[PDB]
């Protein structure tokens, strides 16, 4: 079943992890169309592959900025891990390459937009709607964690809706293959586990805390800890007191109390029964986990789609020239990319 699947999945992952694909396209092979999104580190553009006419989403990282923001090892992690993984709810990396100035990761284009934009516009998701997305994240973390991968940036901005209404996780920028503790201060403020904020060594349990934040935000329409500035948010997270909307079901509150749990001996996901504490929780009782994996469940909604290269489900961004210096930057640092 899942055991045999995960075993084969690890065999497949390790082969790619040990022999990563490198230099599999070139910038001139793509027509750049429009910026789909930006973050702290990269710009992602809709591009069209000239030879096939396929559309893709191309993440562009300026090498010099990666260095200034101390993201060199993280960016090498990002590409090495994304090229090696394979799961129904993980975005596919199709090509990667670099030039004098930039690093490029060419992904499948997920046209339905960020979960973030739908969530903010609609206000909040009903519990069955939130549950459908949450189940996909549960299965995805089960897969990533079985490969010794921590994800470390779960948030609606990093979750895309595909044409069938299912989730595609993007942004593997903080993904790391690690068997023991790790210590890097990274993530997004609203989603950080208390042990990250308090500079403890931490583990994959921080992804399960972040799932608690995600489910809360999806079902409430706002995060469980919010403020005007990150320092204020961190105070609230470490305080740890959560209040729930009146409309939250008893089962949802119980699940969230077990995910947004400061005590690592008690946090679901982290215990002897592993992910099954979550899968068998009452809030998920109606969830058919195999049907979700097989993408046979009818999705809560289907994004509007007007054409292959339509970007209506994404906000507009100021466009910035892709400049390529006549001199190689940071050659040694990104040799393996």
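Here the rigid core means the biggest group of C-alpha atoms that line up within 1.5 Å when the two forms are laid on top of each other. Numbering follows the first chain given and starts at 1.
Asker: Do you reckon 225-233 or 170-178 strays further from the shown form in 9 other deposited structures of this protein, measuring C-alpha RMS after a core fit?
Answerer: Comparing 170-178 with 225-233, the one that moves more in 9 other deposited structures of this protein is 225-233.
Asker: Do the Cα atoms of 292-300 or those of 53-61 sit farther, on average, from the shown form in 9 other deposited structures of this protein after fitting on the core?
Answerer: Larger mean C-alpha displacement, comparing 292-300 and 53-61 in 9 other deposited structures of this protein, is found in 53-61.
Asker: For the C-alpha atoms alone, is the average B factor greater in 228-236 or in 139-147, going by the entry?
Answerer: Higher mean C-alpha B-factor in the PDB entry: 228-236.
Asker: Please work out which of 241-249 and 151-159 has the higher mean CA B-factor as recorded in the PDB entry.
Answerer: That would be 241-249.
Asker: Which listed residue, 35, 64, 280, 40, has the largest C-alpha temperature factor in the record?
Answerer: In the PDB entry, the greatest C-alpha B-factor among 35, 64, 280, 40 is found at 280.
Asker: Among 59, 50, 68, 55, where is the Cα temperature factor highest, going by the PDB entry?
Answerer: When the deposited C-alpha B-factors of 59, 50, 68, 55 are compared, 50 is largest.
Asker: Among the chain's modelled residues, which third holds the C-alpha B-factor of residue 203?
Answerer: For residue 203, the deposited C-alpha B-factor lands in the middle third.
Asker: Within this chain's modelled residues, let me know which third the CA B factor of residue 94 belongs to: lowest, middle or highest.
Answerer: Middle third, going by the recorded CA B-factors of the chain.
Asker: Tell me, lowest, middle or highest third: where does the Cα B factor of residue 264 rank within its chain?
Answerer: Highest third of the chain for residue 264's C-alpha B-factor.
Asker: Looking at the C-alpha B-factor of residue 75, is it in the lowest, middle or highest third of its chain?
Answerer: For residue 75, the deposited C-alpha B-factor lands in the lowest third.
Asker: Would you check the entry's CA temperature factor for residue 184 and let me know if it's in the chain's lowest, middle or highest third?
Answerer: Middle third of the chain for residue 184's C-alpha B-factor.
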